[PDB]
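Shown next, in structure tokens, is the structure this report addresses.
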Amino acid sequence: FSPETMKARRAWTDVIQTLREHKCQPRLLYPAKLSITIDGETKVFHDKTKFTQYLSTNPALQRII
């Protein structure tokens, strides 16, 4: 976990401070799952890629985050 799994929650660390720069309260879920609050509908990602993709398809955050 240290080498692979930690990088997963490690990423959740950098965005944990950034999400606070928005109106979506960030929270680290399962040892490496990160949930965010947007448009009310809650979404979660267990891989830093899936998250980056979530924004890759929603530039609005990319520019702000």
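Here, each number is a calculation from the coordinates, and none is a lab measurement. No Cβ is skipped: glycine too gets one built from the backbone with ideal geometry, and neighbour counts run over all protein chains shown.
Assorted remarks:
- For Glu21, net neighbour charge (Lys/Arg +1, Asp/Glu -1) across residues whose Cβ lies under 13 Å away: +2
- Sum of side-chain charges, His46 neighbourhood, beta-carbon under 13 Å (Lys, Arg +1; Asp, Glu -1): +4
- In loop segments of the chain as defined by DSSP, the chymotrypsin sites (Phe, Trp or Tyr not before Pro) with at most 14 further C-beta atoms inside 10 Å of their C-beta are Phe1.
- Relative compactness, the chain, computed as alpha-carbon Rg over 2.2 N^0.38 Å: 1.06
- Residue range of the chain that is longest and free of trypsin sites (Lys or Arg not before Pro) which are both DSSP loop and sparsely packed (at most 15 other C-beta within 10 Å): 24-65
- Each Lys or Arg adds one and each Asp or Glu subtracts one; over the other residues with Cβ under 13 Å from the Cβ of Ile64, this totals +2.
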